[PDB]
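In what follows, a structure is listed as structure tokens, so that the remarks can point back to it.
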Amino acid sequence: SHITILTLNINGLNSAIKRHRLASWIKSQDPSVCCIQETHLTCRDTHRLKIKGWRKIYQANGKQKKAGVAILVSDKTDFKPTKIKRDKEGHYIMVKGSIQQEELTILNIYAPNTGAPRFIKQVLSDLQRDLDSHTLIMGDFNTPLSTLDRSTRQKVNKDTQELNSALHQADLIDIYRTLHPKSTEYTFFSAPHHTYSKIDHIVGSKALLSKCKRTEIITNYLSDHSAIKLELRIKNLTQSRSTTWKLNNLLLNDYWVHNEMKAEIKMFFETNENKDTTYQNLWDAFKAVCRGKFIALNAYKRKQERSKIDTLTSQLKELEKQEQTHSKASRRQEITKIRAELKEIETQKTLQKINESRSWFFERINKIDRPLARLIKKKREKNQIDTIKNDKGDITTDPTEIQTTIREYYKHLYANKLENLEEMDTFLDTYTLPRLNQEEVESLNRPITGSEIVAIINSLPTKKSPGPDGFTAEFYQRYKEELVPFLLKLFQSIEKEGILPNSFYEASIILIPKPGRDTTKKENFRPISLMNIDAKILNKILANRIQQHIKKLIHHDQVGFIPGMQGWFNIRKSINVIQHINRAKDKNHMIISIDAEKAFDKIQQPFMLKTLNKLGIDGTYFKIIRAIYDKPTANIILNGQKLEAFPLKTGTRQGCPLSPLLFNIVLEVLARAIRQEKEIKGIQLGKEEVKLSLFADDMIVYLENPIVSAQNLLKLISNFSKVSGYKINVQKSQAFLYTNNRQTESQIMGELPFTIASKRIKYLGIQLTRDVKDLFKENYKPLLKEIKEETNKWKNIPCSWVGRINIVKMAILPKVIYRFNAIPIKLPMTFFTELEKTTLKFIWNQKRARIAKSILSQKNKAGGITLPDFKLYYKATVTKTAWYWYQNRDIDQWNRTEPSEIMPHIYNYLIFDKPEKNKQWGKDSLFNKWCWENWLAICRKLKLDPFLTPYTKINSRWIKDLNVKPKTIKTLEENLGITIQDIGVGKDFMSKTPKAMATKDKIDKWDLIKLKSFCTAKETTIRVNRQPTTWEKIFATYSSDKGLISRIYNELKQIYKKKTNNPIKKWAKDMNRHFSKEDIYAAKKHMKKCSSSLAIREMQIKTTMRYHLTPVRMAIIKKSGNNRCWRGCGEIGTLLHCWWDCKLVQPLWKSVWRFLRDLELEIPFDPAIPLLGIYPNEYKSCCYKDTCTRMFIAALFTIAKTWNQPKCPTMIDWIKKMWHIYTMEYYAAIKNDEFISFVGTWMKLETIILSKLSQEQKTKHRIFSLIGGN
DNA sequence: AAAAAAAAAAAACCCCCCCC
DNA sequence: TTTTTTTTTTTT
DNA sequence: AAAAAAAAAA
RNA sequence: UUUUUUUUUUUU
Ligand SMILES: [Zn+2]
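Sequential numbering from 6 applies to the first sequence in the authors' numbering.
Right, here's the structure in full:
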């Protein structure tokens, strides 16, 4: 074990290019401690010095840029700071701490150019209290210490003699001189004297000499100073930071890497396959060899990308050593030239990397993506853990104790395994469970095919962290066309044998701190399990196979992880139950929210296997399931260190795509046990018996007569947990009590161990209320409070208005949509007006709405930027229930639990059905009546007939009013169809197919007469045989509810097209011109299509929508006569003047038009073309639209930069904007494989720009040729 | 009689880009 | 000049 | 019928 | 810093 400390004078850290030079340089050496002198920074600039992998940065700076120091500690160093102090002027900084339980003090000092020895002596005198045997004083001393430190072999002056005497007094010696008495290496070059001297020194107490190993001076190209590396021996307390290898996506994207990697895979699979080894061990060897080859390719890539750098570095070292031996001017000139060339090439490399990053950020500058989501989101808490309460009860910091305690805790969590199989079988036998038939069990046991593997791999989410092997989903996706055969062979092997590779058993658990909880307690840490991609592929194949039948295996009461089943089914059902209990004249009911204590990790694997056997699952599928849970294990990745693996004897392996389905199956045994237990009394809502409802492990149990029912439920829960491990926290589980006598409530409190909430309980993020009359108060008022709180949090968020529009869509809209879905009750207009005011105040940053919310409320015709309409989303959510009304699915028990004292089955007969017979129904209804009222509202708004439609069901009242026998109506439904159009009307009555007369043959004559009398009537014929609009198709055609809210919202937006002013027509009025509909369509399309990135579209939206503010507008606002044009003209300051007719902006437009003339484009000098994108009918050619679009948008950016600045906007700024967009779009295109289009649209523009730019401006603005004729 | 659409009146805050 | 809010009228 | 992103619940 | 389900938005 050794510690490396590096010193370096750098002479400024202000250039954004220069700081990245530090990041690459420091990471290249990878030292334990790196210190920086002469940062040329102030106090307020400390926030800018951030380096990846070095989180411990201590910066001391003054009020002016004359000095500055910093001490940095790498993340791989076990450093515990103890004392930190900073000099006022930033000339020096010292940090004292313990590395591997050994004291070490670092004093980084940047001496002044004049009087350095006196300053160093004063610093030593001031720091005498901190000096010790483990204290190092080092940095730029600006003076040699010995004769051998000068190339001229000259003695030191009197000041340096005083400094040496002070060092001797302070018991300090030169470590570098002691280790290398005859060394002549130098770090500084004095230009006026043409001499070399060593002015950077490291000194310390002689006690450290017992640990000193070696030291050297490594010359640097960063500045004129040379770095010094000191290596010291330390006690062997090294942390085993063997970071798990991971396959980054950048390495995969390289074509040469792709070719060599596929060649290596092919060669391995052609040589290392045989009859003597199984496919599992061969697959493990394949993974190991792939990891080795990937490491080798990454290493050679790192070597080749640094080939020229390394060559110039070697030449620099040779010339520097020769100069140190004897100084010559020619060698100095050669060193200067080669250093300049190397600096230029490395600066180009840094520009390439930073431009890649900036283009990635710019393509998603304001879109719905990571840069915005992480912008609004709070800074993610570090996963490193430094303090955990141990088993004894003491607060400890020792990393080995923390690791041992956390590993023992997570091992004991998964080690409680039960072996009582007899009790398991008895419990499974006691209560009936569904069984799959032969067809479904053969569907499960069907062989795996290559197409299934391709579909599974193509569905794998990307950008997800890999498992222990470090192989990501992109590895399988890119190499799929070679990986399907051998993955298929492996899967056939595991089907035949039932043995999985050892990689399928290992998982990586990462600990995440729970927000709002104590991070010093081990029990407030969320365990997240990561799996290898192949294991996830197999598990997801099995999950899909069992998901094809999970509808039969799982009752509809459980909605978690069930496809086509939505969470709010339980919320609405629970609210309806609460309403019924409230309406009951005598209250003897209980509603429990069972809080399971880590149910996912407490389900016994043997119980899972026994349950799967009892459900009729056998063959290859059950064998594979057993093989998965044969020897599972996981290891905790704590502080980046892989801990010892511990077995998963019990619990279901999280992070597995198949795990939720297995947990649902296991919990369904308990669910059916509760439902089939007659001693547990549910709540009877007419013909619907409601006992319990499930969402994953979250369970709600409704009971009647709780005194006996709750005890029976607890007894059955204990019996279930004795065989499955499903432990519940009964003392924490919240519940309601509804009792008509307080003594009974007290007795129930005494007997039961549940805790009863007086007002609300949380359930699926929804605050269920004891009295449903307070649903709005307990669910929507806090919603507005939270929305206002987040708005205030993002009051000064650094984004434009489109960024905040997308923020509203991305963070506020989903929560509001979910709350609407859960509780779509009649909401007063006050709530919506407050929500709209809060959102709008957020959007415009407390300013007035520059662009009317009515314009942005429109579709993409407003510019592809939509402001969310919360009223329309509310209406869509309310009307969504009508779809479930029409479908009348048997699994929708939530819709049949609405209280009603009349018309028990009505909700299936409103959609496309005769109106109620003047019956006042749903008086106490909470969700259905409002949905019906809204449905009628939109139906009347459409001038539509909502009572008879081509989609009217056969089961509808339109045929049941004719006293038709049931058997006839079932026959019609089964043989013909669902809608009346299938039967036929008028001349088409039962005549659209020979099957029509066939079914007529087995129809009762009276019912057939009634059907003929009804269908052939003229009114029915016209009302049926008409083309249905989109609104009818939304609720009748699709049998799937996926994307229902989107379609209803789009249709409602089309319906509620409020009249809006068209500001493009206002623009036309400004320039005394009239635009046709073609011109407006072209302007809108240009606004939507201006550029792929959102900033350019935002600029075009701002200029076309008259977002920018005009001087006459201000004169009117202030009610004053100061309507004169800004920047000084003497003319009126209208918007068209500010954009086009301004005398101070005309030269820029003349330069632009000269550029178009150089493009051989005779575009007329008409402001519509650049300001709005409207082209004359004579210039419909699209071979140049993109180029001129980019030039005009850059001109608009430049003009907007100088909106009121009296200076004329300059052509060089316009070219600078061109090159900013050039870099952004080029790197976006090279990332998106759009090279050909990018060249085709900017090649001539780049040529013209380079021809019109002088060499000095090109060099100073980093403008140069970047693409070729490729 | 209640809900939805339209018209009239009033009040706003002299830039605009930039900013991960 | 443009936007939002309130008020008045009309229709279901 | 694909890709990407977010959010909600567990 | 996973897994599943559901929901929305944008780009064809
Ligand atoms: Zn002007």
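For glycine and all other residues, C-beta sits at the position ideal for the given N, C-alpha and C.
Asked                                                                                                           : Found
heavy atom of ligand 1 below 7 Å from residue 1280 C-beta                                                       : Residue 1280 lies beyond the residue range present for the chain, which begins at 6 and ends at 1275; the question has no answer from this structure.
Given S513 as reference, the closest of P471, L488, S498 once Cα atoms are compared                             : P471
Spatial neighbours of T882 in its chain, beta-carbon cut-off 6 Å, leaving aside the 5 residues before and after : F825, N826, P829
DSSP beta-bridge partners of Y707                                                                               : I596
Ligand 1 heavy atom lying under 7 Å from the CB of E783                                                         : no
Cα-Cα separation, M1002 to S996                                                                                 : 7 Å
Secondary structure of residue 1276, DSSP reduced to three states                                               : In the structure displayed, the chain extends from 6 to 1275; residue 1276 sits before or after that span and is not available.
Element boundaries [beta strand (DSSP E), containing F193]                                                      : 193-195
Own chain partners of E278 with C-beta closer than 8 Å, once the 5 adjacent residues on each side are dropped   : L287
Candidates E1083, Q353, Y260, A212, of which the one nearest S1270 by Cα                                        : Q353
Meets three-Cβ-pair contact criterion under 8 Å: the region 911-919 and the region 890-898                      : yes
Exposure of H230, with buried meaning 16 or more beta-carbon neighbours within 10 Å                             : buried
Burial state of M908, where buried means 16 or more other Cβ atoms lie within 10 Å                              : exposed
Limits of the alpha helix (DSSP H) - the one that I239 falls within                                             : No alpha helix (DSSP H) holds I239; DSSP gives it neither H nor E.
Any non-hydrogen atom of ligand 1 closer than 7 Å to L769 Cβ                                                    : no
7 Å Cβ shell around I1217 - same chain, five flanking residues per side excluded                                : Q1262
Closer than 7 Å: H1113 CB and nearest ligand 1 heavy atom                                                       : no
Strand pairing of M143, partner residues [DSSP]                                                                 : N113, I207
Whole-angstrom distance between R1111 and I856, CA atom to CA atom                                              : 8 Å
Helix, strand or coil at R1129 [DSSP, three-state]                                                              : strand
DSSP state of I1008 mapped onto helix, strand, coil                                                             : coil
The region 744-759 contacting the region 547-555, beta-carbon criterion three pairs below 8 Å                   : no
Distance between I860 and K1063 (C-alpha atoms, nearest Å)                                                      : 9 Å
Distance, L697 Cα to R680 Cα                                                                                    : 8 Å
Coarse secondary structure for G67, derived from DSSP in three states                                           : strand
Beta-carbon proximity check, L242 vs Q105, cutoff 8 Å                                                           : yes
Simplified DSSP assignment, three categories, for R363                                                          : helix
Minimum C-alpha distance to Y436 - residue among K93, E682, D137                                                : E682
Contact set for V582: own chain, Cβ-Cβ below 7 Å, skip 5 residues either direction                              : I596, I688, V695, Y707, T902
Given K1010 as reference, the closest of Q338, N968, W1224 once Cα atoms are compared                           : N968
Pick from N865, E839, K866, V813 that is closest to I848, judged by C-alpha positions                           : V813
Contact test: residue 1310 Cβ vs ligand 1 heavy atom, cutoff 7 Å                                                : Examination of residue 1310 is not possible in this model, given that the chain is present from 6 through 1275 alone.
C-alpha distance - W935 paired with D562, whole-angstrom precision                                              : 25 Å
Runs of beta strand (DSSP E) lying entirely within the region 129-178, each at least 3 residues, in chain order : 140-145
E1230 classed as buried or exposed, judged by whether at least 16 other C-beta atoms fall within 10 angstroms   : buried
Identity of the residue in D897, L931, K732, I31 nearest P904 by Cα                                             : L931
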